[PDB]
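Worksheet: the structure to be examined is printed underneath.
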Amino acid sequence: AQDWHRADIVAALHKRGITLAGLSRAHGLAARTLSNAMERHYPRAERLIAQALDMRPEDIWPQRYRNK
Amino acid sequence: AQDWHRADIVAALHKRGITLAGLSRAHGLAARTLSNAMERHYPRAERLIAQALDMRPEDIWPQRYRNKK
């Protein structure tokens with residue numbers, strides 16, 4: 001029902017040994033691109049994070065995808 | 001840097017227990033007046049939403065206000 005917090009997303013990545021620095025460098029992104037997606041909706045960055053967690057972005061961000 | 005999305009603005013209002021239906025009725029607005037401001041710039045309606053969130057509209061819509069000159 002409620003969106004994941006930045007702290008939920010980061011922790012879950014750390015569970016699988018991923019970092020935002022590492023996941024940004026890998027996909028060729030600017031630093032804040034993934035960090036900003038923790039607070040403010042950006043579909044293409046959310047698809048990258050969802051797939052890193054074997055998920056659909058709609059399950060991490062149910063509200064973001066309902067409020068559009 | 002980038003403007004807030006409709007989903008960012010809505011969510012933030014819901015955080016404080018506000019809805020667009022409620023905020024429209026309060027300020028005497030037509031339904032779509034606030035909804036349209038989520039997509040397309042309208043200064044006086046965005047000033048209303050900013051103040052509901054203890055903010056300046058320039059922080060919610062940095063691009064709209066930079067893309068005005």
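Each chain in the structure tokens gets a letter, A, B, ..., in the order shown, and its residues are numbered from 1; ligands are numbered from 1 in order too.
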| request: Residues of chain B near chain A: apply a cut-off of 10 Å, count only C-alpha atoms, and supply the list as a VMD selection string. | output: chain B and resid 2 to 11
| message | Could you list, as an NGL selection string, every residue within 12 Å of segment 44-59 of chain B, counting only C-alpha atoms and ignoring same-chain residues fewer than 2 positions away? | response | :B and (1-4 or 6 or 8-20 or 22-24 or 26-42 or 61-68)
| query | Within 6 Å of segment 5-20 of chain A, counting only C-alpha atoms, which residues qualify if same-chain residues fewer than 3 places away don't, as a PyMOL selection string? | reply | chain A and resi 23-24+38
| helix (DSSP H, G or I) call set, DSSP backbone run, chain A, as a PyMOL selection string | chain A and resi 6-15+20-27+31-39+43-52+57-60+62-66
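Between residue 31 of chain A and the residues A:50, A:1, A:55, A:45, the shortest atom-to-atom distance, using only C-alpha atoms, involves A:45.
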